[PDB]
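Scroll down for the structure; my scribbles are underneath it.
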Amino acid sequence: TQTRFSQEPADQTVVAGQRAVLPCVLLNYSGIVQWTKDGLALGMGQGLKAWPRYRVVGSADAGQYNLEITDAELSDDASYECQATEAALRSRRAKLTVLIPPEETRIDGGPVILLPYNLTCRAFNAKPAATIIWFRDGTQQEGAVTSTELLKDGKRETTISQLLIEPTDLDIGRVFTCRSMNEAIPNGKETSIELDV
Amino acid sequence: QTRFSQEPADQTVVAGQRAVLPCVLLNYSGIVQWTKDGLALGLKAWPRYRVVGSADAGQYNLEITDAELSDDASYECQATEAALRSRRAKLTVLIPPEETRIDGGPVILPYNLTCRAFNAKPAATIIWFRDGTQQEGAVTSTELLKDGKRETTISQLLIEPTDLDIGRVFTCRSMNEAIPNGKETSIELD
Ligand SMILES: *[C@@H]1O[C@H](CO)[C@@H](O[C@@H]2O[C@H](CO)[C@@H](O[C@@H]3O[C@H](CO)[C@@H](O)[C@H](O)[C@@H]3O)[C@H](O)[C@H]2NC(C)=O)[C@H](O)[C@H]1NC(C)=O
Ligand SMILES: *[C@@H]1O[C@H](CO)[C@@H](O[C@@H]2O[C@H](CO)[C@@H](O)[C@H](O)[C@H]2NC(C)=O)[C@H](O)[C@H]1NC(C)=O
Numbered sequence: 023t024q025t026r027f028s029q030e031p032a033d034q035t036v037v038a039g040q041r042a043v044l045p046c047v048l049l050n051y052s053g054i055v056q057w058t059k060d061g062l063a064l065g066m067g068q069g070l071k072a073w074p075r076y077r078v079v080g081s082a083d084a085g086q087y088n089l090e091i092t093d094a095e096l097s098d099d100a101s102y103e104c105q106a107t108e109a110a111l112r113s114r115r116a117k118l119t120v121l122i123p124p125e126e127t128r129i130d131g132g133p134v135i136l137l142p143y144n145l146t147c148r149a150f151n152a153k154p155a156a157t158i159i160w161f162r163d164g165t166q167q168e169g170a171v172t173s174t175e176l177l178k179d180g181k182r183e184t185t186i187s188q189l190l191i192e193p194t195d196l197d198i199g200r201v202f203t204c205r206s207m208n209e210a211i212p213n214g215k216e217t218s219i220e221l222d223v
Numbered sequence: 024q025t026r027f028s029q030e031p032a033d034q035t036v037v038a039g040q041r042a043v044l045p046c047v048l049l050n051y052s053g054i055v056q057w058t059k060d061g062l063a064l069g070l071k072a073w074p075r076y077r078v079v080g081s082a083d084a085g086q087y088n089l090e091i092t093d094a095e096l097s098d099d100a101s102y103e104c105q106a107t108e109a110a111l112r113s114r115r116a117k118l119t120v121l122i123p124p125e126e127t128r129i130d131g132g133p134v135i136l142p143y144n145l146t147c148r149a150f151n152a153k154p155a156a157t158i159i160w161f162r163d164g165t166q167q168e169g170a171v172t173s174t175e176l177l178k179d180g181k182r183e184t185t186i187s188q189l190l191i192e193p194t195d196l197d198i199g200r201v202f203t204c205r206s207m208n209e210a211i212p213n214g215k216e217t218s219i220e221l222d
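Chain order of the listed sequences is B and A.
Mind the numbering: the first sequence is residues 23 to 137, 142 to 223 in the deposited numbering, read in order.
Mind the numbering: the second sequence is residues 24 to 64, 69 to 136, 142 to 222 in the deposited numbering, read in order.
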């Protein structure tokens, strides 16, 4: 009747600036428990030095060694496992998906775009690829061309939706708003721009 | 600040042999650990595992005695306490063939032969010869095994027995990188 894992860590989805805990409890264990981050060790005891926002918590008595990450970051998006030494085995794979909202998304037309012309809304630095929705006052799906652009680090993307407008004496004074949301964002941010001929 | 003067390298070790992985880090005050396929490592509760070298000069080399197929893994001497990982160490643990024999029995009275090397890494090569190398006819065909690490090479020989070859011995040798000189099984034609 050796050591076992009552609960092993599972794949969790966390948004940026949030707290996460990975369920790792192993009964019949008095031995040291470690954590693996892409093949990297964390720390001995329940005090993880030289690491920011990393602290293992839970019941030391019940064999519970849950890792706690506060204020999640793009860096934390990785694979984890709470393996233990002293004749103990590893513990599953933990894919941490740290979702991040788009930043300062706007339409490449300025405050007002005076002029078969075009508009385009661009979402920047979001993972997963944020979705752009085009509408003046009611959804104008017609024309919207969603195109995803991968970023430097290859983890996040920059979706750009090119709109096929054809301005007239009507659309003048009429605002064209563009919202952009992702799994990190329930209700996307919007930029209000003014058309002109 | 702290660095790795020498990092572990991909090493080839034969079965039942001793290996050391070079890991020396200057200007270090942190504890140094080792990684085996994303697993942490005087290594208790484990046999033949002992890290050695000079703690004073910063040398932390890993020592493995009596190598085995299980030890075939990826390693790195990463350190805790604000320290980084250290390269990748692909340890190739070579193993000799086991019980290689000819599927003809002690004596095999348009016939065929085949010598079969079993459970060797890398795939052992079979060489056919009565008294001098008779590569002609030998058909080497490698067969991978369940765990996909080792193989079972089988060389089928295209013989055609006659009144001459009787009493004449047919030996079959099988060698690999783990075996400089392969073992041979002697069979009698009839
Ligand atoms: C004696 O050993 C020789 C050498 O292996 C055997 O000759 C082999 O005969 C088989 C047919 O029975 C050939 O297999 C064929 O391969 C093709 C693929 O290229 C496949 O599509 C066919 O359906 C067929 O299976 C094989 O090529 C041939 N070997 C050589 C080197 O020519 C012979 O069968 C053995 N005899 C005995 C009694 O064991
Ligand atoms: C307005 O936006 C549309 C949408 O992309 C652009 O149309 C593209 O035109 C090029 C030809 O130069 C094609 O290769 C692309 O396939 C077209 N896109 C689509 C979705 O069909 C058009 O170029 C833009 N006009 C501008 C920016 O002045």
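Just so you know, even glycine gets a beta-carbon here, dropped at the ideal spot from N, CA and C.
Candidates the options, of which the one nearest residue i by Cα
i, options, result
"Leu-189 of chain A", "A:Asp-179, A:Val-201 and A:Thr-172", "A:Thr-172"
"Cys-104 of chain B", "B:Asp-130, B:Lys-215, B:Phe-27 and B:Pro-193", "B:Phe-27"
"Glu-126 of chain B", "B:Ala-109, B:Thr-185 and B:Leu-176", "B:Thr-185"
"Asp-163 of chain B", "B:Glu-175, B:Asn-144, B:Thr-203 and B:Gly-169", "B:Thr-203"
"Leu-196 of chain B", "B:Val-223, B:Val-47, B:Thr-157 and B:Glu-90", "B:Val-223"
"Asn-213 of chain A", "A:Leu-64, A:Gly-53 and A:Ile-159", "A:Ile-159"
"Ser-187 of chain B", "B:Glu-220, B:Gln-167 and B:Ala-63", "B:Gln-167"
"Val-43 of chain A", "A:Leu-49, A:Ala-116 and A:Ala-106", "A:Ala-116"
"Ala-170 of chain A", "A:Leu-145, A:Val-78 and A:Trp-57", "A:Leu-145"
"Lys-71 of chain B", "A:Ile-91, A:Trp-73 and A:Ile-54", "A:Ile-54"
"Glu-30 of chain B", "B:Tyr-143, B:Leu-136, B:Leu-221 and B:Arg-112", "B:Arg-112"
"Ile-219 of chain B", "B:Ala-94, B:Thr-194 and B:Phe-161", "B:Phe-161"
"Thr-194 of chain A", "A:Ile-135, A:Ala-156 and A:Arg-114", "A:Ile-135"
"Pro-142 of chain A", "A:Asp-83, A:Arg-75, A:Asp-33 and A:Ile-191", "A:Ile-191"
"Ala-82 of chain A", "A:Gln-56, A:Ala-156 and A:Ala-32", "A:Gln-56"
"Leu-137 of chain B", "B:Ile-198, B:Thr-157 and B:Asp-98", "B:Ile-198"
"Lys-215 of chain B", "B:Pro-133, B:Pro-124 and B:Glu-175", "B:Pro-124"
"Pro-45 of chain A", "A:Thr-107, A:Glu-175 and A:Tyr-87", "A:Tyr-87"
"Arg-114 of chain A", "B:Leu-62, B:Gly-131, B:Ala-106 and B:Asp-33", "B:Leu-62"
"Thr-58 of chain A", "B:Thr-107, B:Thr-174 and B:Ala-155", "B:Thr-107"
Cutoff 6 Å; reference residue i; Cβ partners in own chain excluding five residues on either side
i, result
"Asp-60 of chain A", "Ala-100 and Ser-101"
"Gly-85 of chain B", "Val-47, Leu-48, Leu-49 and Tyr-51"
"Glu-90 of chain A", "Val-43, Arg-77 and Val-79"
"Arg-41 of chain A", "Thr-92"
"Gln-68 of chain B", "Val-78"
Cutoff 8 Å; reference residue i; Cβ partners in own chain excluding five residues on either side
i, result
"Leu-96 of chain B", "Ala-38, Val-120, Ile-122, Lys-153, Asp-179, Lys-181 and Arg-182"
"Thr-35 of chain B", "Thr-119, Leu-121 and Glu-209"
"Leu-177 of chain A", "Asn-151, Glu-183 and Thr-184"
"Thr-217 of chain A", "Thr-127, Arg-128, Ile-129, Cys-147, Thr-203 and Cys-204"
"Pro-133 of chain A", "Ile-219 and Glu-220"
"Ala-32 of chain A", "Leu-44, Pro-45, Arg-114 and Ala-116"
Endpoints, the beta strand (DSSP E) within which residue i is located
i, result
"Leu-145 of chain B", "145-148"
"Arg-182 of chain B", "Premise fails: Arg-182 of chain B is in no beta strand (DSSP E) and is neither H nor E."
"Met-207 of chain B", "201-208"
"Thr-157 of chain A", "157-161"
"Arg-77 of chain A", "76-79"
"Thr-172 of chain A", "171-173"
"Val-37 of chain B", "34-37"
"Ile-211 of chain A", "211-221"
"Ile-135 of chain B", "134-136"
"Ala-42 of chain A", "42-44"
Contacting residues, own chain, Cβ-Cβ under 7 Å from residue i (five flanking each side not counted)
i, result
"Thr-25 of chain B", "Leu-48, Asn-50, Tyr-51 and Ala-110"
"residue 10 of chain B", "Residue coverage of chain B in this structure runs from 23 to 223, which leaves residue 10 of chain B outside it and unanswerable."
"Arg-75 of chain B", "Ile-91, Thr-92 and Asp-93"
"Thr-165 of chain A", "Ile-159"
"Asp-98 of chain A", "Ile-91, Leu-118 and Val-120"
Can we say the region 145-163 of chain A touches the region 200-208 of chain A, given the rule of at least three CB pairs closer than 8 Å?
-> Counting C-beta pairs closer than 8 Å gives three or more between the region 145-163 of chain A and the region 200-208 of chain A, which meets the contact rule.
For the region 87-124 of chain B, which segments carrying the beta strand (DSSP E) assignment without a break, of at least 3 residues, lie completely within its bounds, in sequence order?
-> 88-91, 101-103 and 116-121
Quick one: residues with CB closer than 5 Å to any heavy atom of ligand 3, in chain order, please.
-> Among the ligands present in this structure, namely ligand 1 and ligand 2, ligand 3 is not found.
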